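Heavy atoms only: backbone and side chains are in, while hydrogens, waters and symmetry mates are out. Per chain, numbering begins at 1; letters A, B, ... match sequence-line order.
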Amino acid sequence: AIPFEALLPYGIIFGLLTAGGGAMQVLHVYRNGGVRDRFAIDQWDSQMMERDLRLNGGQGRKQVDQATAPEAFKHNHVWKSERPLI
Amino acid sequence: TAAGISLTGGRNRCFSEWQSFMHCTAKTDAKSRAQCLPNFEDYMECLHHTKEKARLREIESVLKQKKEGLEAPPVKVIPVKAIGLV
Amino acid sequence: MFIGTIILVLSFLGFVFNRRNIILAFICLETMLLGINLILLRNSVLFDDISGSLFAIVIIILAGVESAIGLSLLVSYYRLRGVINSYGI
Amino acid sequence: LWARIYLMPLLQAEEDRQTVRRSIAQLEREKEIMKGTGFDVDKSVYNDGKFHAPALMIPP
Amino acid sequence: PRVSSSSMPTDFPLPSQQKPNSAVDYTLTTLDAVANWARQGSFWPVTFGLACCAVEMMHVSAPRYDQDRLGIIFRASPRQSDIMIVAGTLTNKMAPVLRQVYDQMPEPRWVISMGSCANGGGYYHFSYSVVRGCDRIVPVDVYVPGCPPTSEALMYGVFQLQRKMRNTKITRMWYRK
Amino acid sequence: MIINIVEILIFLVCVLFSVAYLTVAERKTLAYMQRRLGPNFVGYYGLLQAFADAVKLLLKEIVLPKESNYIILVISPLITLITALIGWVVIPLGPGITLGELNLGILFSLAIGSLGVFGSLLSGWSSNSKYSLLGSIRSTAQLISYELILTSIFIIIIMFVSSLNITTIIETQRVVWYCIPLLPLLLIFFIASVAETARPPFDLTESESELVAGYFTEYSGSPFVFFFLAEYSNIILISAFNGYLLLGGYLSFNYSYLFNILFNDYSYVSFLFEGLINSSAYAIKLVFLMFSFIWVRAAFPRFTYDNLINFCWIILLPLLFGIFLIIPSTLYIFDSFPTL
Amino acid sequence: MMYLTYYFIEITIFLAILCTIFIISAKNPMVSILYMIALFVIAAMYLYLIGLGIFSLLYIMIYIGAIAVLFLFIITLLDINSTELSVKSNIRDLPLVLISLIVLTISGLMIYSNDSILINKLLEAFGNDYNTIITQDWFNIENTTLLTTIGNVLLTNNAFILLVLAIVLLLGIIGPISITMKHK
Amino acid sequence: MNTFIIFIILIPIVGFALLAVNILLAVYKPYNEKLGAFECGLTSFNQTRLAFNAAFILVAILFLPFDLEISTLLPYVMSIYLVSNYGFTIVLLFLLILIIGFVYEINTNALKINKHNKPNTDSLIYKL
Amino acid sequence: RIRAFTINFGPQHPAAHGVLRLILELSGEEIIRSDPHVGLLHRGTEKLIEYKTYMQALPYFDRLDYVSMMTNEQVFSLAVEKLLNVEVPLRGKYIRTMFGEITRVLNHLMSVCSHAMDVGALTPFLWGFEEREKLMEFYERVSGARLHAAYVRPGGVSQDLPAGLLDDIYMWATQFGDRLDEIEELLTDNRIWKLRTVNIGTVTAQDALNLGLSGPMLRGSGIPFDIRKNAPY
Amino acid sequence: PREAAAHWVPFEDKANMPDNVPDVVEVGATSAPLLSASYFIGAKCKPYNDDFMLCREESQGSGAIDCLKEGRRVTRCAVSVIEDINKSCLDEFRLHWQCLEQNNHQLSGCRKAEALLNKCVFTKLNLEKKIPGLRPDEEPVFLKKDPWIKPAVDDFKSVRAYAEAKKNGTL
Ligand code: SF4
């Protein structure tokens, strides 16, 4: 027969990893505002997400598809001021 | 040779000044070579920003020696969280 | 470039004024190379130029081979004497 | 890659517009700080005539 | 100086008759229960497997009795062991070795004497080369009789040691001080 | 901040308890392979056994031998455990579902892994015994030897992907798990992972040496807990490397059709269900690999030091160099160099 | 945040000074090797701070994972004698140490300048009172990082260097065998 | 302050907390016999460092060049498409050169510990 | 000058079985000189037997090789029977032969499984100790003890077999062959087992004779000698 | 240009553009809608993009300040195409960029929505999606049926809309 007591610890491990991963997925989606995570993002994606922040009012990953930008988009441009790398 | 190649495989920060200086050296000869002094100067400037640092030192010395107010569109520093707020 | 320069100078002084053991000499060599690589990598970043980083990679590989050969030499030296004196060279 | 190629011109046009705006702004600010002194704020540190956005700001 | 008198009680019950009443008593009882539960459940002996008794000890770990079902694991190193089981005749040549192994055990530590040889010398009690009971060399917590004791007898002795563990006062003892 | 803390606590609890229950699973599985029961008494069905061992050890006196660098002997197991646990920060249980989503995640795995030999190396120096030094030397030699094998297999895999992001490497296996075209590499990676964790049959140091029980012979109390925990944590982490490099990580089957039947729009219910499916796939692969570690412990006798050094340097490494040649050759022949 | 996080580079510098001093002053040479490992972790920290985390990981992989391991292996197998730092042995060096410290540090800061006047040469060293302006553009459409670019130039523009390095590694194999193995 | 940095700080804290609990709760009663090194219950004499075999040195020393060889392929696998056929040829040449060194190591029997004592195979001859 | 490094392998060591103090001298890897120190279990048995009657001395033989109790008893009984000039009856002789071979099985289970456990094959020990449990039940049913039976005595055996024993021994025998096959499945063709055993501890036939080796230690070198066939008892 | 290193702060400039420079609208789409529209923007605005880049090359260093009028044309053309999409094909366009937001911005995860978007944009804007640089033998991947690489979860709304279009006959 299949020894079930010998499978109980494997079941505990499987359940712990499964539940932890499901909880982590829910927490990630909730942190993202209802969409899946971005992964493997290069410098291009990073700049695009910064521009998105300038367009949607700082609302994380919220998207807007209106053709014309608001007025504030002209004046909320950011340059970075980097300390001297000594 | 890897001369001219940036950290991302394109052209490095001072490539343009270097290329114009190399155009100069290619067109002149040893006797005429000093005619290319400005180009090389520009190249070194890009590399080390020495004249720019001197000019900023002068402007900042005059700035800290003034009690009169400044009336010009200013620079504003914001938190990275506040990119695009309001 | 400060951190690399200080590391190199102090490692060199430790190598020179070492009067304690031979392992300190090996370590000071390795750390002088580390300091040189740090200086180089900072300049590579400030120029946005791959040549500095390429040289730094080559320096790392050569430091590995130099370590292997130096320790082989030390072991061959040990084989005849069975000990390393605090002047062991 | 072709999607990014087709977006490159508009993004770079927006960024160039900003580069011009902020460079001219900084020149105006610096010339106002240097008013009353014998220093040319418009003179480039380079010898070519080309546009050179500032590197190197004063820490804010 | 100052304190000049005493209010000490005269019929304070002894540790074997004292029972928890004050919820600090109950807290310390719960803590002692946890510690003693861990001591019973993780019962790691170092084997001094001297002679034929060791064979019966081997059979305790064999499938019929399966000692590790109770949490018992035998350890080569005294540093990782809580229990010493003296299983076999202890000779005079061996006595300092046994004392040395016992002294290297970290605390807390207990000793089980297993079999007539270890208990008092057994069949070799009148020998010129035999220690007459391992309690001439080390303190002993439980004595298991038999030549050899059966596997079940050794398990019974382990249960007796676990009963002693389960009834130890640790934080309650400190509270008495 | 709060979400970050909650996520870290959940991940850490799951990892630490999985490690605790792996020891119970090993005891039970070995037992039933040996026609016995294993722990069934400390807790119901023996489910509190590991916690009893942990509390017992936490209350056990620490001994510092006389000739011993006591600081080095108390910090060596601590650093091995710390590096062992740090390795978990890059393991994803779904696309981007990780504590550290690093574009250099593979490199992180290799570097933290290469910090894993210092426990054996420093433990022998902890005392002043020549038995200890020789045993530590051998164990260190075995560890770096099989580190070479593991690194080679990593590089062979990256030849197919051209990315150091672990999520991306998993994502490319939606077409096929890499164990299918590279099955001998699955065998070799498992063998080398067993050797790299110094598990049977690669357990020279602990079971045939001058000291009775390896270089942990002198350890009692919490240092012993650190070494034991680090060992089992590395078993699971190296199995996770196996899973994402060759077994498709959190991928099981295409559930697009089933999800389109079950749900009509995105919700926390559909997101939770997808997360559960992904994590359960990765977990079941980890379970099979842990079971295999225990099964191999059950079936075989030990190598000697000479045998295992020969196995690594004369049999495995030449094959891996031949594979270094043949994989880019196949990519060139069919014009299948992976893009970035 | 800001106060600590602004001076992270300065903290790495101070820790590096301290770690070097501890390397030289260690009683046990194994402890000296451990302080060398500490210095390499500090160097990896600095490299991450200036944007080169890939070199942080490479340094951890190669100098700690390989070179420091070989160091420890050797000091474990070999019988090393060492004396302790003491006034009787080492105070005699203090004058030369001080002169050399000042001269070498100043010259190592001056070799970077292009000013004719020596005092200006030294002064330029401490002349970064300004912030660099980081700007964006959109000309790079590929996902090319430092490692990829290194591979690109090392395997094509500088392939000869790679093959010569292969010879150097060949030496790192053949030589140790030649002087540590006794044939026949 | 992302999850990565918080997790990396948290691990050593937990290790130190377990160590502190053990120090706080376990008894501590050192004494001379307990403080002895455990060597099977006996005591051994202090000895000059053991003479070791050269293969012990050679495994550790040869680890470094082979490790560097393996790690030098990281730039190739991260740039394979960009350098495609030219770099494929170059990396093949590099690998072949390193394989010649592997061949040298294999043929010299550099990592073999030879059992010094071997059975005597000489014939027995009698001078009649 | 070669300088040996000296290790005390045992007594408190798993392979040294608790009581062997094997002082070994190594030059690196290899054993150059070995010095087994014994007497950690010297009990003075031979002195004690001189103060006992023959019947009182019989149980000392149980405790010599304490996995082979009944064959130890058998050798003492045969010696005393030869000096007494008496004859064991036929059923007694058959019981002694049957329990001698049961004892041989018990001994070989212990020895082979302990040998495998020392090399690192941990599982044959558990499988074989269950068979040992089954055979020890026969020991206990004829003698009242699991190990030190004191069953074989000068003259024969102390009691007759109980009523249902031959049937139970037969039923154990119908499955012991499979029990042996599974151990052989784990060991006989395993390449690791061969790496640990082949050309290890070689003894030539002439040296085996000169050293006083017997049993398998002798039969392994090619010499067909076995007292059961050469001098039947 | 490299990303910022150890310590940096973002700073905003409050000045206005110099009044000599003619003002222009800015594109208001975020990354997902822009990626969804990118091929149509390319198709319509290729001449202006090419002219802008050629001006920048010919300026040989002063490109930002010398091509401002060309850049103004580029941005106006992009705004025009996005406005046309918002007037004629908004539902399908929203399908496509919301799908992209769920699929790590990978076009392979959104083929069903993209099919509807392409048909709409072609029928009402006369723009065609096309991948430059392929031979007639080579098949564009977005037109491939039965691809090796598929999304983990086909988008719900997109699956429903695709099936409905197949019933209606539009697709
Ligand atoms: S008590 Fe009996 S069985 Fe145990 S060792 Fe002594 S003689 Fe042997």
Side-chain angles (χ1 to χ4, degrees), chain A residues 38 41-56 58 69 72-83, chain B residues 6-16 75-78 80 82-84, chain C residues 45-46 48, chain D residues 3-26 51-57 60, chain G residues 51 131-146, chain J residues 1-5 7-13 15 17 26-31 34-35 38 49 52-53 56 61 63-65 67-68 71 74-75 78 105:
Chain A
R38 305 294 309 284
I41 73 106
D42 56 21
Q43 165 156 230
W44 179 283
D45 308 309
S46 194
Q47 298 178 16
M48 283 299 253
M49 297 183 83
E50 182 277 320
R51 196 182 165 272
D52 276 13
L53 282 178
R54 279 177 56 211
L55 270 179
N56 62 33
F73 188 65
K74 260 166 190 343
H75 269 56
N76 65 357
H77 190 266
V78 296
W79 277 344
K80 299 136 172 265
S81 209
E82 188 203 70
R83 71 147 293 154
Chain B
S6 70
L7 294 191
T8 36
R11 284 160 173 190
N12 64 276
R13 183 168 63 73
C14 295
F15 177 85
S16 283
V75 141
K76 184 166 100 222
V77 191
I78 63 159
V80 312
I83 284 201
Chain C
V45 168
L46 283 184
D48 199 12
Chain D
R4 283 177 180 184
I5 285 162
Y6 290 151
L7 297 175
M8 187 187 303
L10 81 88
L11 302 167
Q12 197 57 50
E14 173 196 342
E15 206 63 359
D16 275 335
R17 235 143 31 217
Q18 289 287 11
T19 285
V20 186
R21 176 182 66 98
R22 296 179 79 145
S23 297
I24 303 332
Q26 180 60 0
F51 183 103
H52 285 93
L56 262 47
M57 52 169 333
Chain G
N131 276 9
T132 310
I133 305 180
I134 300 311
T135 298
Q136 271 170 39
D137 66 68
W138 302 92
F139 301 110
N140 193 40
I141 48 162
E142 259 277 2
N143 186 8
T144 312
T145 75
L146 203 56
Chain J
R2 58 182 185 88
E3 294 151 43
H7 181 270
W8 62 265
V9 304
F11 65 108
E12 298 179 79
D13 206 309
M17 193 71 107
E26 312 280 17
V27 173
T30 38
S31 47
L34 275 186
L35 164 60
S38 66
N49 295 1
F52 172 78
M53 282 318 193
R56 236 188 171 259
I65 197 134
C67 301
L68 288 171
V74 153
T75 175
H105 287 217

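The CG atom of J:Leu35 sits 7.5 Å away from the CE atom of A:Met48 when rounded to the nearest 0.5 Å. In this structure, the separation between CZ on B:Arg13 and CG on C:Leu46 is 7.0 Å, given to the nearest 0.5 Å. If you take CG on B:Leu7 and OG1 on G:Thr145, they are separated by 10.0 Å, rounding to the nearest 0.5 Å. In this structure, the separation between CG on D:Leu10 and CG on J:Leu34 is 6.0 Å, given to the nearest 0.5 Å. Rounding to the nearest 0.5 Å places CD1 of G:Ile134 at 10.0 Å from CH2 of J:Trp8. The line from CG of C:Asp48 to OG1 of B:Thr8 is 5.5 Å long, rounded to the nearest 0.5 Å.
Formation of a donor-acceptor pair under 3.5 Å by the D:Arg21 side chain with backbone atoms of J:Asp13 is found in this model. With hydrogens and angles ignored, the 3.5 Å screen pairs no side-chain donor or acceptor of A:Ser46 with any backbone N or O of A:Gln43.
Between A:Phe73 and A:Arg51, the closest side-chain pair of non-hydrogen atoms falls below 4.5 Å. No side-chain heavy atom of D:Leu56 sits less than 4.5 Å from a side-chain heavy atom of G:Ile133. By the 4.5 Å heavy-atom criterion applied to side chains, A:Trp44 and G:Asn140 are not counted as neighbours. A heavy-atom distance below 4.5 Å is not found between the side chains of J:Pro10 and A:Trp79. When side chains are defined from C-beta on, D:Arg17 counts as touching J:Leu68, because their heavy atoms get closer than 4.5 Å. Considering only heavy atoms from C-beta on, B:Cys14 comes within 4.5 Å of B:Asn12 through its side chain. Side-chain contact check for J:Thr75 versus J:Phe52: every heavy-atom pair is 4.5 Å or farther apart.
What you find for A:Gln47 and G:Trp138 is that their closest heavy atoms are CB-CH2, 3.5 Å. Closest of all the heavy-atom pairs between J:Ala64 and D:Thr19 is CB-CG2, 4.4 Å. The nearest pair of heavy atoms linking J:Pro1 to G:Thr135 is CB-O, 3.7 Å. Contact record, J:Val27 with A:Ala69: O-CB, 3.7 Å, taken as the closest heavy-atom pair. Closest of all the heavy-atom pairs between J:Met53 and D:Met8 is CE-SD, 3.8 Å. Of all heavy-atom pairs spanning D:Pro60 and B:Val77, the tightest one is CB-CG2, 3.5 Å.
Between G:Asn131 and A:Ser81, the side chains place a donor N or O and an acceptor N or O closer than 3.5 Å (distance only, hydrogens not considered). The closest side-chain donor-acceptor pair between D:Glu14 and A:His77, if any, does not fall under 3.5 angstrom. A:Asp52 and J:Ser31 form a side-chain donor-acceptor contact under 3.5 Å, judged by distance and modelled atom types alone.
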Could you walk me through whether J:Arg56 and J:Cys67 pass the side chain to side chain contact (heavy atoms under 4.5 Å, CB included) test, one step at a time?
CA-CA 6 Å; J:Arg56 236 188 171 259; J:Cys67 301; 4.2 Å; yes
How far apart are the C-alpha atoms of A:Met49 and A:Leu53, what are their side-chain angles, what is the distance that settles it, and do they pass the side chain to side chain contact (heavy atoms under 4.5 Å, CB included) test?
CA-CA 6 Å; A:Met49 297 183 83; A:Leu53 282 178; over 6 Å; no
Between G:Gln136 and A:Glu50, does the side chain to side chain contact (heavy atoms under 4.5 Å, CB included) criterion hold? Intermediate values first, please.
CA-CA 11 Å; G:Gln136 271 170 39; A:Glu50 182 277 320; 3.7 Å; yes
Taking it one step at a time, do B:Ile78 and J:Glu12 satisfy side chain to side chain contact (heavy atoms under 4.5 Å, CB included)?
CA-CA 7 Å; B:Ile78 63 159; J:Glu12 298 179 79; 3.1 Å; yes
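Residues satisfying the side-chain hydrogen bond (donor to acceptor under 3.5 Å, both in side chains) test with A:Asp42, not counting sequence neighbours, are D:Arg4. In this structure D:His52 satisfies the ring pair (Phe, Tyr, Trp, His ring centres under 6.0 Å) test together with D:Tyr46, sequence neighbours excluded.
For the pair D:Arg22 and J:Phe11, the cation-pi criterion (under 6.0 Å, within 45° of the ring axis) is fulfilled.
Of the charged side-chain nitrogens involved, none lies within less than 4.0 Å of a carboxylate oxygen, so that A:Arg54 and J:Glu26 do not count as a salt-bridged pair.
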